[PDB]
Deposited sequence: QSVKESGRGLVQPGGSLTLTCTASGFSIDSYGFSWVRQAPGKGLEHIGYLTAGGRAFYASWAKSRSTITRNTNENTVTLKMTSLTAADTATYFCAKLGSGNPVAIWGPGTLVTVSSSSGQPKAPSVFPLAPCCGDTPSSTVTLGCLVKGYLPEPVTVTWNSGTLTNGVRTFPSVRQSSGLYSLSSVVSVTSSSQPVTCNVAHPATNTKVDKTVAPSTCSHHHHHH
């Protein structure tokens, strides 16, 4: 009883997006599924619904350039949208909404960046954050700069640090590239921030020294 979205996260205007929703723990023809999207800092908006019986219905704005499809062999439902503009940059969800029935099921979402002015995929440069060399409880962090597309995942000591761990929302920089930062409150351990960029299958591990001093 879960679904997971997958697909190319960096697309160009004029191109198309293709997003696949794969069901786990049940068969995807047991229920009707919707595609829903959320543009940055905007509300949820319904794209279309594939009924349990297999008919697709589209919102008026999406009708002409969207296609929702089902493959019961692979246990998937698929969204394709053409004639993309930057307005289509958004998080896309497949979901059984459960407006009136006990079962509701949402995927984690998949972040689609539509740009031709942002460049090509790019793995992040990871820089430690530490207080100035001019001085036991200290906040450290890592700046994850200049990646494309979203998302990155940041853990500290592989997730075993949790106290005062704060990972801030990414920001789309003027270059089209993304950046975020993450801080942790530490009190003696080698603290390591683990950064993963799934789109390029890149994993970085940066040990953060307690200060900017060169002697660490």
Checklist entry - What ranges of the deposited sequence are left out of this structure? => result 136-138, 191-192, 222-225
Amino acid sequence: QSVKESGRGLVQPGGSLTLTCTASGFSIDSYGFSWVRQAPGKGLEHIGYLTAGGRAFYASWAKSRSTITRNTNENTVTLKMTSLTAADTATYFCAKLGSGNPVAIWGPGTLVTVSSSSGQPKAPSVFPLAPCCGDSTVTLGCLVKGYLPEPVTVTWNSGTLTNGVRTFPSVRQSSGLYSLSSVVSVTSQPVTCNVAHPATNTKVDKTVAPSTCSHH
From here on, numbers count along this sequence of modelled residues.
Checklist entry - Of 57-65 and 143-151, which one has the bigger average CA B-factor? => result 57-65
Checklist entry - When the C-alpha temperature factors are averaged for each of 91-99 and 104-112, which stretch ends up with the higher value in the entry? => result 104-112
Checklist entry - Considering only 124, 134, 128, 121, which residue's Cα atom bears the greatest B-factor as recorded? => result 134
Checklist outcome for this item: Among 44, 183, 171, 50, the highest C-alpha B-factor in the PDB entry belongs to 171
Checklist outcome for this item: Quick tally, chain-level thirds of C-alpha B-factors: residue 204 sits in the highest
Checklist entry - Compared with the other modelled residues in the chain, in which third is the CA B-factor of residue 36? => result lowest
Next on the checklist: Going by the CA temperature factor in the PDB record, which third of the chain does residue 193 belong to: lowest, middle or highest?
Outcome noted: highest
Checklist entry - Within this chain, which third does the Cα B-factor at residue 6 fall in: lowest, middle or highest? => result lowest
Checklist outcome for this item: Binned into thirds over the chain's modelled residues, the C-alpha B-factor of residue 78 lands in the lowest
